[PDB]
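Undergrad: Quick one: this structure, given as structure tokens, is what I'll be asking you about.
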Amino acid sequence: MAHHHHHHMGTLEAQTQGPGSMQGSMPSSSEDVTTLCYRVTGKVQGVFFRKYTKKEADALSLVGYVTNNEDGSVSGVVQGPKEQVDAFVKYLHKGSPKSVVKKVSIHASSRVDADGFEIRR
């Protein structure tokens with residue numbers, strides 16, 4: 001009695017996650033206005049999602065500027081309330097979902113004038 005059995009499976013229809021749009025910027029003189037320079041290193045796989053980065057900054061109302069470097073690392077400066085800068089660095093510890101961050105590096109640099117968050121290449 002010859003008898004063979006079949007096999008079959010399906011697939012998964014994924015989704016494209018959209019962006020958002022907010023913004024928060026105030027030039028203050030209060031002692032609380034904090035500023036630190038950011039520089040993160042990443043795996044050579046994919047660039048930093050300006051999407052989630054700017055959404056983060058816009059939501060928590062951080063000002064400053066971000067860009068990618070020929071060194072490979074993504075650098076910039078964050079300014080704003082101490083705790084929101086904290087929020088951003090905590091975000092930076094996570095990085096972009098598809099960017100395997102190697103090492104994060106921050107710098108004590110005092111208040112600068114904001115320019116814009118955009119992974120320039």
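Residues are referred to by chain and number: the chain letter is A, B, ... according to the order shown in the structure tokens, the number counts from 1 in that chain, and ligands are numbered separately from 1 in the order shown.
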Could you please write out, as an NGL selection string, every residue of chain A that DSSP assigns to strand (DSSP E or B)?

TA: :A and (33-42 or 63-68 or 74-81 or 101-107 or 116-117)

Undergrad: Could you give me, as JSON, numbers by chain, the residues within 8 Å of residue A:43, counting only C-alpha atoms and dropping anything in the same chain fewer than 2 positions from it?

TA: {"A": [41, 45, 46, 99, 100, 101, 102]}

Undergrad: Tell me, as a PyMOL selection string, which residues lie within 10 Å of residue A:106, counting only C-alpha atoms; anything in the same chain fewer than 4 positions away does not count.

TA: chain A and resi 36-40+75-78+89

Undergrad: Just the residues within 9 Å of residue A:85, please, counting only C-alpha atoms, with nothing from its chain fewer than 6 positions along; format it as a ChimeraX atom specification.

TA: /A:34-36,60,62,78-79
